[PDB]
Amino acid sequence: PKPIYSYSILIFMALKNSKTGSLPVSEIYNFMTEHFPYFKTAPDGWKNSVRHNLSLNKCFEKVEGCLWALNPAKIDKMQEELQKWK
C-alpha cells in the first residue's frame, strides 16, 4: 500500500514533527517506517530517494550523519502542499 504522498511531503512531515525542525537522515527513515508501514517492506531505493529529495528540494537545508533542517522561508509553501494531499 504505497502512500498517497510525495517524498518531499513525507520528509516535510518528519522534520516538522521534530522539536527543532531538524533531524538526521536516520530519523527520517524511522519516521517514515513508523507512520507509513509501506516502507518497512518497500523495495530498496526509497532511502536513496529520500537523500535525493533532501538535496534537490530547497525546503530542506543542510546544517553545518548530519542534520537536515526546514527552511523557514519555504514552510508556508510546503504546508499548503501538505494540506492539498491530506
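Counting begins at 1, following the sequence as shown.
Asker: So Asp76 and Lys77 are neighbours in the shown sequence, but is anything from the deposited sequence left out between them? Give the count as none, 1 to 3, 4 to 9, or 10 or more.
Answerer: In the record, the chain runs straight from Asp76 to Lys77 with none unmodelled.
Asker: Of the two stretches 53-61 and 38-46, which shows the higher Cα B-factor on average in the entry?
Answerer: Comparing 53-61 with 38-46, the higher average CA B-factor belongs to 38-46.
Asker: Take the C-alpha B-factors listed in the entry for 76-84 and for 2-10, compute each mean, and give the stretch with the larger one.
Answerer: Higher of the two, by average CA B-factor, is 2-10.
Asker: Pull the Cα B-factor of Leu23 out of the PDB entry and bin it into the chain's lowest, middle or highest third.
Answerer: Its C-alpha B-factor, which the entry lists for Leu23, ranks in the lowest third among residues of this chain.
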